[PDB]
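Before any questions on how it binds or moves, here is one chain, the form deposited in one PDB entry, in C-alpha cells.
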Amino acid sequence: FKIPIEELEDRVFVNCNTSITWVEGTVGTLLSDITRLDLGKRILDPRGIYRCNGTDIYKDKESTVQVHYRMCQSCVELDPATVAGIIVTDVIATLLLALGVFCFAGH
C-alpha cells in the first residue's frame, strides 16, 4: 500500500483518502479540502515522514511514507586542480605582503 506523491507545476502534494497525520519534518499547508497536503516548492528541498489511513478494500490497514529531495541549489562544481591554483595564488600574495612590509620597516 503506497501513498501517492504528485508533482504539479512547481509543487509537491501528498494525496490520500483521509486526513494526513504529520510525524516529523516539513510542516506544510492544508488546502481548502481536507486529505491533501501542500509541501511547497521543489527547489527548497522538502523532507519528512508522513502517515495516512486506509479505505477502498485496503480498508483497515495503515502505512507511512518518507519524502527526500536534493535539488542542488547551493552547490558549486570544481575540479581537483583549481583548488591547488587558488591556494597557490593566495599563498604567493600573502608572502608578497610579507616581503612588502619590512622593506618599509627599516626606514
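The term rigid core refers to the maximal set of C-alpha atoms that superpose within 1.5 Å between the two forms. Note that residue numbering begins at 1 and tracks the sequence as displayed.
Keep in mind that the form deposited in another entry is missing from the display, and what follows is about it.
Relative to the superposed core, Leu37 shifts its CA atom by less than 2 Å between the shown form and the other one.
Once both forms are fitted on their core, a CA shift of 2 Å or more is seen for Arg51 between the shown form and the other one. After superposition on the rigid core, the Cα atom of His68 is displaced by less than 2 Å between the shown form and the other one.
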